[PDB]
Amino acid sequence: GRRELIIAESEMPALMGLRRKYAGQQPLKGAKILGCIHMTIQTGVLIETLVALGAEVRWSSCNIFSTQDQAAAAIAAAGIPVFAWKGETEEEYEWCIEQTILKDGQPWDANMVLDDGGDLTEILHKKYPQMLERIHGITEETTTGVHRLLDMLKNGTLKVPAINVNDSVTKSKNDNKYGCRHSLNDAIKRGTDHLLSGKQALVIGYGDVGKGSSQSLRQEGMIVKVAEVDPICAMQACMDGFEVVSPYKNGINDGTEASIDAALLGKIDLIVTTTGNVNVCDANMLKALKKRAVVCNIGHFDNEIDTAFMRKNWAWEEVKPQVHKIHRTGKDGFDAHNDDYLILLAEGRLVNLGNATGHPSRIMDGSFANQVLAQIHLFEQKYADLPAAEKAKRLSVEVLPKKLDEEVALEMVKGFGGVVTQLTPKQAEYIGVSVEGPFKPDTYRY
Amino acid sequence: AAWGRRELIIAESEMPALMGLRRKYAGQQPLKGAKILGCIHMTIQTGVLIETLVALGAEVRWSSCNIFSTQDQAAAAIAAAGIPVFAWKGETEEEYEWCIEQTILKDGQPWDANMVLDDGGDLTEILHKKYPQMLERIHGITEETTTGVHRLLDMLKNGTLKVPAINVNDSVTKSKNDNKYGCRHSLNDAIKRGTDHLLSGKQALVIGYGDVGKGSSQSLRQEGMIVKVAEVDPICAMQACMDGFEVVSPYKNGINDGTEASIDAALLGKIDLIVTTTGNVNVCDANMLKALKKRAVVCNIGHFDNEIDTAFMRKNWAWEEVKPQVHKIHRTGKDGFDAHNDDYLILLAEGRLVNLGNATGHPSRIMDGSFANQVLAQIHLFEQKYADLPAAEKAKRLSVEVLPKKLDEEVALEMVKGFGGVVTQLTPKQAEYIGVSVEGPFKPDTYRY
Amino acid sequence: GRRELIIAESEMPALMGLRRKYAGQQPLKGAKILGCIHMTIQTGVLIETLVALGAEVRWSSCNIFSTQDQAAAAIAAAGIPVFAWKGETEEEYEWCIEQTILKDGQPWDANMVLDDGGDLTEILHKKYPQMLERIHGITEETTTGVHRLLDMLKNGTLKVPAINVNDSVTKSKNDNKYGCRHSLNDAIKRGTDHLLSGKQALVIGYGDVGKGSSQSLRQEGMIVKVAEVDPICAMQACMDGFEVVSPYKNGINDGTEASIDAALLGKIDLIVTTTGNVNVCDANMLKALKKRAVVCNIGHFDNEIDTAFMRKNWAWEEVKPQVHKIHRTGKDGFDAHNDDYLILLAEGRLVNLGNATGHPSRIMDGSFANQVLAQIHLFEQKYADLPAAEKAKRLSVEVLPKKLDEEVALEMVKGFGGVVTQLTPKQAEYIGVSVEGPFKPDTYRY
Amino acid sequence: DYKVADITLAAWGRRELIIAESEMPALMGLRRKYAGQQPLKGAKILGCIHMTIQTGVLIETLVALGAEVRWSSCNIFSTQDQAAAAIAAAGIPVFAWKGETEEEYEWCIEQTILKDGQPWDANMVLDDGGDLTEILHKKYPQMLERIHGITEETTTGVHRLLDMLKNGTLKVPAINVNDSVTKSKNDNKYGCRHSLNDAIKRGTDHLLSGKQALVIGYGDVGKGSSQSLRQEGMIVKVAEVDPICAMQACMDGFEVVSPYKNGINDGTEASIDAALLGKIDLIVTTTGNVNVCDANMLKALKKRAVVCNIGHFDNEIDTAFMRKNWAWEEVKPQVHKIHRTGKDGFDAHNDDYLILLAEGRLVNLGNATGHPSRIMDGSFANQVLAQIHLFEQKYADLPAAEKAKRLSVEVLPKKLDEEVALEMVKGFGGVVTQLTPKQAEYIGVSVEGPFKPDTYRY
Ligand SMILES: NC(=O)c1ccc[n+]([C@@H]2O[C@H](COP(=O)([O-])OP(=O)(O)OC[C@H]3O[C@@H](n4cnc5c(N)ncnc54)[C@H](O)[C@@H]3O)[C@@H](O)[C@H]2O)c1
Ligand SMILES: NC(=O)c1ccc[n+]([C@@H]2O[C@H](COP(=O)([O-])OP(=O)(O)OC[C@H]3O[C@@H](n4cnc5c(N)ncnc54)[C@H](O)[C@@H]3O)[C@@H](O)[C@H]2O)c1
Ligand SMILES: NC(=O)c1ccc[n+]([C@@H]2O[C@H](COP(=O)([O-])OP(=O)(O)OC[C@H]3O[C@@H](n4cnc5c(N)ncnc54)[C@H](O)[C@@H]3O)[C@@H](O)[C@H]2O)c1
Ligand SMILES: NC(=O)c1ccc[n+]([C@@H]2O[C@H](COP(=O)([O-])OP(=O)(O)OC[C@H]3O[C@@H](n4cnc5c(N)ncnc54)[C@H](O)[C@@H]3O)[C@@H](O)[C@H]2O)c1
Ligand SMILES: Nc1ncnc2c1ncn2[C@@H]1O[C@H](CO)[C@@H](O)[C@H]1O
């Protein structure tokens with residue numbers, strides 16, 4: 001049961017540090033919890049203090065197939081039931097349309113889900129539209145960058161305060177700037193099982209994925225050229241170590257093959273696309289390559305590279321999983337070995353989905369920590385139980401403050417082994433910042 | 001005189017951004033008829049700046065800002081040209097404000113001037129304090145000091161402000177170029193020109209991991225050093241761990257109380273040189289100096305001399321000078337010292353900035369992008385045509401703003417072409433899909449580069 | 001088997017370049033060569049490139065474990081039958097010597113010979129020494145067999161010139177610097193399989209593989225420490241930006257528990273051993289290490305770390321296949337999770353059992369190319385025409401000359417795409433080097 | 001006896017010398033061991049090497065250890081002003097100052113040989129570059145009778161010395177300390193990696209990041225130079241004639257190009273590939289050969305490119321052709337501006353001009369102070385250890401029949417190199433493990449004896 005929890009357990013320093021620091025004066029003495037987000041093995045630890053919550057949970061699982069079959073074997077503590085369901089082999093409407101939203105979510109407060117998408121937002125809260133001014137549970141902390149703001153809340157009558165836990169500082173930095181940097185190091189590693197020293201490769205774009213994918217190749221010992229459409233990112237490319245060139249001739253792509261430089265195209269064998277555009281490598285640069293090229297699409301979505309033209313004119317023969325031998329000028333012959341063929345370094349889509357199945361749980365350590373801690377930036381005052389005159393004074397939608405991320409980062413800093421200095425009272429007022437923080441405004445970029 | 005132009009002409013070729021403005025808008029001259037009063041320090045680079053400004057049809061008058069910062073021989077060229085300059089140091093320092101007063105006031109009647117290009121000056125102590133009503137003709141003010149914009153915003157909230165102004169210190173092309181890069185280029189040169197030490201195999205202490213901090217860390221590691229990072233912000237200190245550095249503090253359990261028992265003597269006994277990259281006071285007190293390894297080097301790239309302690313040293317430890325970059329300070333006392341003794345310290349400068357005290361700093365190309373945004377501000381202000389708008393709208397537009405992102409990218413475009421690179425141009429079909437026009441900025445305002 | 005040949009022939013630029021270059025000259029017109037090396041894939045292409053120049057080549061079996069059954073599919077195309085063995089079939093070795101040397105009941109002559117193991121050379125004089133005074137030379141690839149060859153040369157016995165293909169500047173650089181820097185990354189990926197940027201590791205030994213091992217870890221964001229007994233290697237470590245530490249106080253290993261610096265060993269999260277020595281990591285220093293530390297060995301012998309002490313005095317467990325959990329409680333007695341335990345990676349042994357894929361097939365190319373030039377150089381001289389008096393000078397063993405190494409490296413530079421400048425006559429006499437001969441003396445260390 | 005512009009300049013040298021000694025442990029450490037013995041009493045060394053502040057401590061330890069030496073500069077722009085005055089203030093007769101002409105260079109090399117108009121008797125020679133060895137080997141073949149030792153420093157000099165032996169004109173045994181590991185892989189590998197980028201920036205102040213450079217030659221100097229340029233953000237290219245060095249250049253992550261198409265140089269304009277040379281802003285020469293940058297390549301380069309040289313001699317780049325065909329103008333000391341429009345017709349606003357560094361001489365000595373102190377530690381120690389070993393033999397007094405075996409070039413054994421390496425590592429703060437008695441029976445060597453065979457190249 002808990003042996004699965006022991007596998008990570010302390011592997012998530014932030015949440016465990018919160019447990020070992022908030023084991024005294026226990027907050028969140030009110031509502032129960034249900035939970036709906038996907039029940040991975042890692043996820044079912046966000047309860048933190050189960051005694052301060054429902055302790056039955058049952059993991060309502062409002063979104064699609066959130067629960068997992070490991071639930072029956074793992075969640076077996078005292079008084080906490082679980083359904084242990086996966087997939088849709090049976091009817092899902094009986095437990096989704098006729099969900100425990102009314103059964104477990106009884107209209108006498110003492111119930112939370114802390115889920116993604118806010119169940120049904122306006123219609124959800126308007127079934128029992130009396131919780132306003134009586135905040136004793138969930139207050140729309142749903143992450144869900146797709147949900148973003150949902151203006152319907154603002155222009156509508158639903159004025160319950162909400163502070164979504166996405167779009168923080170440590171969430172994005174841990175994913176793109178550092179941490180999950182194994183994006184390119186899943187092909188350029190054993191995936192091509194080749195040495196990259198001395199070769200020349202082309203990477204298009206210089207965004208966060210582009211910035212993270214250009215230091216690894218150079219540290220390997222490769223020669224890299226960067227393309228960009230935005231002057232700021234191109235300048236950043238020039239200033240670090242890289243020359244900025246464009247596939248198209250003279251800086252203008254207008255009509256045909258006469259508007260591409262055929263010199264640099266015929267001497268590069270690896271293409272990495274760190275862009276989310278439509279035609280960043282159309283059927284015009286693949287016509288000029290060094291008789292052998294490997295293409296991996298690291299960018300978002302799958303609309304990049306070619307279009308439904310490369311599939312027919314060039315045969316996508318497969319000789320190895322996630323690897324192909326797309327020909328260029330191998331007319332007839334039935335061999336395509338006279339240096340006229342191209343390797344597909346991926347299947348044509350994101351490597352994290354095709355070439356990879358499992359993902360580390362370290363990326364969500366800073367995601368769950370602030371999401372749990374936001375309830376105490378909430379709760380606490382609970383200005384809902386106040387006259388409505390003061391209610392409209394502070395009604396707005398804000399992202400999570402700076403302190404709620406600095407405290408999360410502090411646990412990760414000392415997890416590896418390290419000490420952060422404490423500001424003396426004299427130094428705090430000289431700058432204009434309290435001793436406990438926060439130290440920087442919202443316009444700082446780090 | 002003629003020598004100054006010879007110095008100028010060679011350095012002129014290293015600034016694609018300023019020179020490209022003279023021919024990108026060749027013949028259009030959007031800055032026709034604009035009169036500008038400025039007080040930026042007289043340097044070779046600012047000479048290129050003013051020469052670029054004049055080439056667009058406008059005329060400017062410049063003076064000194066700090067008096068002490070001057071090039072002497074560079075003023076001969078401007079004097080021969082005709083624009084009055086008071087870069088020469090005053091014998092009794094009474095010329096600090098007397099010279100600035102002379103440029104502003106002409107004859108005995110007001111004269112038409114619409115723009116001001118100041119550098120952190122005290123014009124508010126002259127213009128906004130002695131004759132605020134004169135602002136009926138000036139349309140905008142350009143400032144670059146990072147602390148100036150906050151003062152301007154506070155004044156706007158107080159309502160005493162009369163004419164809107166725009167700050168440029170919040171631009172990406174300024175913050176990224178002038179802080180992260182440059183210090184990476186200049187830190188190694190500053191260290192080696194005074195010490196000539198083999199940085200490989202040494203151990204260094206860096207206090208702070210901010211804008212200058214990242215460049216300082218990357219500058220010492222590329223030479224083959226061992227670097228440790230001390231930080232008070234967990235978010236900034238987190239970035240040190242993922243950059244390969246280890247986070248330590250000079251105090252036991254991060255608690256400081258003024259007693260000698262709160263200093264970690266094991267860590268401080270292995271460091272070779274120490275730098276300070278913050279803006280606070282006493283980030284390295286006299287207690288850290290006691291535990292430092294003998295024959296250490298002290299550096300400062302912050303703002304003032306109060307970041308690392310020097311008043312204690314001048315009252316308790318000896319001093320000795322050879323060249324005005326490196327000083328000898330003995331860890332025994334002020335009574336005396338021996339020429340052969342080991343108990344001494346090496347201090348880079350007297351605790352002030354080391355980039356100015358060792359070299360020219362960002363020599364010619366990084367400073368190019370800093371000076372290009374200031375000129376592009378004047379064109380935008382003069383295009384607004386404040387005179388044509390009625391007096392009713394004057395109270396509506398009184399606000400403090402920053403350069404729009406569209407004007408910022410053009411400064412960066414010229415820098416790329418200076419390295420011989422080429423920037424791709426979006427097709428009309430591809431631009432509309434991503435949600436940005438072909439020319440308009442491609443990212444929102446809240447993006448973190 | 002044809003597919004394996006195509007990839008192997010395309011991954012060996014040196015031999016293929018020699019085959020496509022020296023064709024048309026045929027420097028093996030009058031050579032009678034019989035060869036036997038350890039049976040590998042590259043041995044086939046070595047035979048092919050030897051016979052492409054006109055040499056009369058005969059192949060046999062001289063090693064027992066090197067033979068593989070899967071090679072029979074590839075030899076089926078060839079008209080020459082081969083023999084393979086599974087294990088130590090020493091009793092069958094007499095059959096191989098008799099049948100392969102004696103073709104049709106009559107003695108046979110070979111102008112030059114090239115074998116492996118450095119043991120078959122004595123057989124030539126033992127069985128049929130009559131024609132062994134008419135052999136131009138011998139080239140054998142073996143370790144420590146050159147010692148036996150020089151011993152017999154001082155003792156007389158076999159009268160034939162010799163030259164080895166093991167000592168070369170080209171062979172060292174490809175493998176020691178860029179061939180051994182492959183297992184460490186793979187080993188740590190298999191073991192930890194997570195980001196390790198900011199932690200601390202200790203690497204033992206900085207002779208030749210320590211440099212690659214220590215350079216690979218730093219670019220991943222680790223603090224690397226190096227311990228060494230050779231002062232010159234320590235000096236090279238210091239100049240590269242590392243730190244030199246000693247597990248024992250002042251470096252003196254007194255054998256007691258009071259002479260170990262536990263302060264440093266209490267902050268180390270990984271132990272890497274590279275040196276081929278005994279008791280470089282004793283059980284006393286393995287008891288002062290921090291919890292959850294990981295030990296690994298990439299050296300030569302399996303008895304570098306003080307192993308079997310944890311086997312007897314402590315307990316073991318089973319984890320991910322090449323991961324072992326060793327508990328510091330002692331013999332027996334532990335709770336469900338506890339905190340005192342270490343982790344092994346290969347119990348001090350090699351990773352060839354299946355832990356890592358190992359070095360790629362390109363390793364054998366760097367050494368097999370030199371053998372062709374060794375044969376060609378030791379064939380131009382007229383052994384039958386030289387008098388006995390001058391044969392005293394020719395009766396010597398020398399390493400491969402400097403000229404033959406440069407021809408090997410020239411092909412590698414063109415493979416990646418490059419051009420080598422050619423000297424003018426005026427400059428060549430200023431250095432003292434012919435425009436087509438060795439460029440560096442024998443005392444140049446590169 | 002001295003000749004300096006001002007005696008006040010010696011104060012800077014000693015303060016740097018004390019700092020130098022504090023950061024030069026091995027030379028000072030071995031000084032104390034032999035101070036009470038004086039094993040080289042009666043030695044006579046005539047020295048000609050770059051008089052840097054690193055170099056002065058060697059003269060100081062030789063003179064305070066019981067020997068008499070005379071020293072002179074090695075190049076026009078070689079001697080630091082403060083280092084020369086410090087040695088001069090100690091009483092040793094030296095000839096060095098600021099500003100020297102080519103005709104004045106030959107006056108100083110022969111001044112050390114002579115003594116007040118009469119020849120000076122000597123026993124050992126410490127020569128850098130082979131200039132002092134050859135100048136007396138032919139003009140005054142008499143001094144070789146008493147002189148019985150020569151110690152060389154650079155790679156080029158040992159080639160000139162070795163050529164003498166084959167011709168039979170060499171008469172004095174020599175010690176080749178340039179082959180020791182603590183000099184070949186320490187002095188001229190890392191010294192350039194620290195000094196080249198300092199010398200480039202101090203003259204031109206260019207922002208190296210994003211620019212392109214070309215480096216000729218990938219020997220020991222080439223590796224350090226390439227790393228120095230690469231760590232600052234440049235995009236560097238390497239040209240080489242030796243295939244092994246080219247292989248090493250490609251493996252590290254550089255690119256190999258040849259200024260002459262297909263590598264064939266024949267003097268015509270069709271040999272030069274103008275396209276590749278049109279995107280280079282910096283060219284550095286490391287080979288040490290003659291005429292590596294010709295007229296067909298120097299005038300066909302991209303506008304406003306920087307030329308500098310680290311080789312020992314000035315024949316790397318053809319400065320003779322451009323001297324009398326193109327006008328030369330000075331922008332600052334040790335840096336020149338050359339307009340290639342015509343012989344004498346140029347204006348200040350011309351767009352076509354090249355910038356020359358150190359006039360083709362050694363750039364790291366002209367526009368920079370040179371190698372640091374801790375890099376030069378591993379060379380002077382071997383020099384001292386070789387001088388003591390050979391002086392005691394007194395080859396000038398050996399029997400004639402024995403001279404047939406004692407007239408050759410020798411090298412120091414590996415134990416001395418190990419001792420120097422240990423004494424230099426101990427000053428960085430490191431601890432070297434000491435082998436237990438059980439270790440010797442497995443490694444194959446004793447506790448204190450050597451650790452590697454002679455075929456080992458590190
Ligand atoms: N690593 C991950 O897990 C992950 C997840 C989602 C998205 N991403 C990617 O991370 C990146 C970071 O975003 P960002 O805002 O820094 O960059 P971006 O989204 O704007 O990516 C494109 C980059 O290339 C440039 N570019 C745009 N269109 C181009 C075109 N047609 N041709 C060439 N260059 C073009 C842009 O200026 C930008 O620098 C995005 O590209 C996004 O797709 C990564
Ligand atoms: N000399 C130069 O070339 C140069 C260039 C730019 C800016 N500056 C000046 O120097 C300073 C550097 O600016 P910046 O961009 O680095 O600022 P920043 O705000 O980006 O960073 C300063 C850092 O100091 C840290 N800090 C403050 N007190 C601390 C303490 N006691 N211990 C540890 N860390 C502490 C903060 O957490 C912050 O991360 C500013 O005053 C700036 O005006 C100098
Ligand atoms: N891929 C591989 O695993 C591989 C490849 C080649 C060789 N090897 C084997 O590796 C072994 C080691 O040789 P190498 O190739 O690594 O190079 P190497 O022989 O140059 O390295 C040995 C180093 O260990 C140091 N050393 C010896 N005893 C020590 C001690 N007690 N404490 C600290 N340092 C000590 C020596 O000073 C030397 O620097 C050889 O026996 C060789 O067979 C392994
Ligand atoms: N601080 C200094 O300035 C300093 C220090 C040490 C050595 N040096 C000088 O450096 C020079 C060589 O140093 P090294 O020991 O590295 O020499 P090296 O012999 O080890 O290598 C020099 C390289 O030049 C190459 N080369 C020669 N002619 C060539 C040609 N025509 N085209 C291309 N490459 C060519 C050779 O292949 C060789 O690899 C010597 O002249 C020596 O005096 C100067
Ligand atoms: N600072 C220095 N002092 C003396 N000789 C040096 C110095 N730096 C380099 N050299 C030597 O100069 C010679 C060629 O310039 C080489 O032998 C090199 O080792």
# chains A, B, ... in the order shown; residues from 1 in each chain; ligands from 1
call {"tool": "residues_near_ligand", "arguments": {"ligand": "ligand 1", "cutoff": "9 Å", "atoms": "only C-alpha atoms and all ligand atoms", "output": "JSON list (two decimals) with C-alpha atoms, in the first residue's frame"}}
result
[["chain", "number", "residue", "atom", "x", "y", "z"],
["A", 175, "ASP", "CA", 10.26, 23.10, -16.55],
["A", 176, "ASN", "CA", 12.02, 25.00, -19.36],
["A", 180, "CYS", "CA", 13.21, 18.91, -17.60],
["A", 181, "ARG", "CA", 16.07, 19.59, -20.02],
["A", 183, "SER", "CA", 14.01, 17.07, -24.31],
["A", 204, "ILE", "CA", 15.46, 27.13, -35.74],
["A", 205, "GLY", "CA", 14.12, 29.47, -33.08],
["A", 206, "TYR", "CA", 15.76, 30.77, -29.90],
["A", 207, "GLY", "CA", 12.99, 30.56, -27.33],
["A", 208, "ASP", "CA", 13.20, 28.84, -23.95],
["A", 209, "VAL", "CA", 13.25, 25.40, -25.58],
["A", 210, "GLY", "CA", 15.67, 26.79, -28.16],
["A", 211, "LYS", "CA", 17.89, 28.28, -25.47],
["A", 212, "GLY", "CA", 17.91, 25.00, -23.54],
["A", 227, "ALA", "CA", 17.66, 31.22, -36.94],
["A", 228, "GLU", "CA", 15.22, 33.76, -35.53],
["A", 229, "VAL", "CA", 12.45, 36.16, -36.58],
["A", 230, "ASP", "CA", 12.49, 38.34, -33.47],
["A", 231, "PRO", "CA", 15.45, 40.72, -33.06],
["A", 232, "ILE", "CA", 15.70, 40.23, -29.28],
["A", 233, "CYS", "CA", 16.12, 36.45, -29.43],
["A", 234, "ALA", "CA", 18.44, 36.76, -32.43],
["A", 246, "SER", "CA", 18.48, 32.45, -42.24],
["A", 273, "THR", "CA", 12.74, 22.97, -34.67],
["A", 274, "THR", "CA", 12.06, 24.92, -31.45],
["A", 275, "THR", "CA", 9.14, 26.82, -33.01],
["A", 276, "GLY", "CA", 5.35, 26.58, -32.88],
["A", 277, "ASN", "CA", 4.60, 28.07, -36.30],
["A", 278, "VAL", "CA", 3.05, 26.54, -39.43],
["A", 279, "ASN", "CA", 5.78, 26.33, -42.10],
["A", 280, "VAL", "CA", 9.14, 26.84, -40.44],
["A", 281, "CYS", "CA", 10.73, 24.14, -42.64],
["A", 298, "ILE", "CA", 10.91, 19.32, -30.60],
["A", 299, "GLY", "CA", 8.44, 22.17, -31.05],
["A", 300, "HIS", "CA", 4.88, 22.24, -29.79],
["A", 301, "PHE", "CA", 2.10, 20.56, -31.80],
["A", 352, "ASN", "CA", 7.97, 13.23, -25.12],
["B", 424, "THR", "CA", 13.96, 36.04, -41.25],
["B", 425, "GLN", "CA", 10.80, 37.92, -42.25],
["B", 426, "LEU", "CA", 7.42, 36.32, -41.63],
["B", 427, "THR", "CA", 5.12, 35.65, -44.54],
["B", 430, "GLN", "CA", 2.24, 32.82, -41.12],
["B", 431, "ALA", "CA", 2.09, 36.10, -39.17],
["B", 434, "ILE", "CA", 0.41, 33.37, -34.62],
["B", 442, "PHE", "CA", 5.82, 39.09, -31.46],
["B", 443, "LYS", "CA", 5.48, 38.65, -27.68],
["B", 447, "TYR", "CA", 7.01, 37.72, -21.29],
["B", 448, "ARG", "CA", 10.27, 36.99, -19.47],
["B", 449, "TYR", "CA", 13.16, 36.61, -21.91]]
call {"tool": "select_by_dssp", "arguments": {"residues": "range 210-296 of chain C", "states": "helix (DSSP H, G or I)", "output": "JSON, numbers by chain"}}
result
{"C": [210, 211, 212, 213, 214, 215, 216, 217, 218, 231, 232, 233, 234, 235, 236, 237, 238, 239, 249, 250, 251, 262, 263, 264, 265, 283, 284, 285, 286, 287]}
call {"tool": "closest_residue", "arguments": {"among": "A:174, A:324, A:319, A:416", "to": "residue 269 in chain C", "atoms": "only C-alpha atoms"}}
result
A:416
call {"tool": "calpha_fit_rmsd", "arguments": {"fixed": "chain C", "moving": "chain A"}}
result
2.7 Å
call {"tool": "interface_residues", "arguments": {"of": "chain D", "to": "chain C", "cutoff": "6 Å", "atoms": "only C-alpha atoms", "output": "PyMOL selection string"}}
result
chain D and resi 241+243-244+247+256-258+263-264+421-422+425+430-434+457
call {"tool": "interface_residues", "arguments": {"of": "chain B", "to": "chain C", "cutoff": "10 Å", "atoms": "only C-alpha atoms", "output": "ChimeraX atom specification"}}
result
/B:198-203,221-226,240-247
call {"tool": "write_last_selection", "arguments": {"atoms": "N, CA and C atoms", "output": "short mmCIF file (atom, residue, chain, number, x, y, z; two decimals), in the first residue's frame"}}
result
data_model
loop_
_atom_site.label_atom_id
_atom_site.label_comp_id
_atom_site.auth_asym_id
_atom_site.auth_seq_id
_atom_site.Cartn_x
_atom_site.Cartn_y
_atom_site.Cartn_z
N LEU B 198 46.67 33.48 -11.84
CA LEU B 198 46.14 32.32 -12.54
C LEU B 198 44.81 31.95 -11.90
N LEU B 199 43.70 32.37 -12.52
CA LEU B 199 42.39 32.13 -11.94
C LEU B 199 42.04 30.65 -11.88
N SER B 200 42.62 29.84 -12.75
CA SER B 200 42.34 28.41 -12.73
C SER B 200 42.82 27.79 -11.42
N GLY B 201 41.95 27.00 -10.79
CA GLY B 201 42.28 26.34 -9.55
C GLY B 201 42.05 27.16 -8.29
N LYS B 202 41.66 28.42 -8.42
CA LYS B 202 41.35 29.24 -7.26
C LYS B 202 39.91 29.01 -6.81
N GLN B 203 39.54 29.63 -5.69
CA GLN B 203 38.18 29.57 -5.18
C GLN B 203 37.68 30.98 -4.88
N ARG B 221 33.77 31.27 -14.12
CA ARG B 221 33.80 29.83 -14.36
C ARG B 221 34.44 29.50 -15.70
N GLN B 222 34.25 30.35 -16.71
CA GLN B 222 34.85 30.09 -18.01
C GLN B 222 36.37 30.14 -17.96
N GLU B 223 36.94 30.81 -16.96
CA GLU B 223 38.38 30.78 -16.74
C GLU B 223 38.84 29.56 -15.96
N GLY B 224 37.91 28.81 -15.36
CA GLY B 224 38.27 27.60 -14.64
C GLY B 224 38.40 27.79 -13.15
N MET B 225 37.44 28.47 -12.54
CA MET B 225 37.45 28.73 -11.11
C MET B 225 36.42 27.86 -10.39
N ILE B 226 36.40 28.00 -9.07
CA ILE B 226 35.39 27.38 -8.21
C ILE B 226 34.63 28.50 -7.53
N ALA B 240 21.01 29.46 -8.67
CA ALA B 240 22.41 29.11 -8.49
C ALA B 240 22.61 27.60 -8.48
N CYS B 241 21.71 26.87 -7.82
CA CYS B 241 21.86 25.42 -7.73
C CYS B 241 21.78 24.76 -9.10
N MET B 242 20.84 25.20 -9.94
CA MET B 242 20.70 24.63 -11.27
C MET B 242 21.76 25.13 -12.24
N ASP B 243 22.56 26.12 -11.86
CA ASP B 243 23.68 26.58 -12.67
C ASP B 243 25.00 25.94 -12.26
N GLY B 244 24.97 24.91 -11.42
CA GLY B 244 26.16 24.17 -11.04
C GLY B 244 26.85 24.65 -9.80
N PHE B 245 26.43 25.78 -9.23
CA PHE B 245 27.05 26.34 -8.04
C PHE B 245 26.41 25.76 -6.79
N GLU B 246 27.11 25.92 -5.66
CA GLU B 246 26.60 25.52 -4.36
C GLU B 246 26.33 26.76 -3.51
N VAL B 247 25.26 26.69 -2.72
CA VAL B 247 24.78 27.83 -1.95
C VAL B 247 25.25 27.69 -0.51
#
call {"tool": "residues_around", "arguments": {"residues": "range 282-293 of chain D", "least_positions_apart": "5", "cutoff": "8 Å", "atoms": "only C-alpha atoms", "output": "ChimeraX atom specification"}}
result
/C:427,430-431 /D:156,212-219,221-222,298,305-313,315-318
call {"tool": "closest_atom_pairs", "arguments": {"of": "chain D", "to": "ligand 5", "cutoff": "6 Å", "atoms": "only C-alpha atoms and all ligand atoms", "output": "Markdown table"}}
result
| residue | atom | partner | partner_atom_place_in_ligand_line | distance |
| --- | --- | --- | --- | --- |
| D:50 | CA | ligand 5 | 4 (C) | 4.6 |
| D:52 | CA | ligand 5 | 3 (N) | 4.8 |
| D:54 | CA | ligand 5 | 1 (N) | 5.5 |
| D:55 | CA | ligand 5 | 3 (N) | 5.1 |
| D:153 | CA | ligand 5 | 17 (O) | 4.7 |
| D:154 | CA | ligand 5 | 17 (O) | 3.4 |
| D:187 | CA | ligand 5 | 19 (O) | 5.4 |
| D:188 | CA | ligand 5 | 19 (O) | 5.6 |
| D:312 | CA | ligand 5 | 15 (O) | 5.9 |
| D:370 | CA | ligand 5 | 1 (N) | 4.9 |
| D:371 | CA | ligand 5 | 1 (N) | 4.5 |
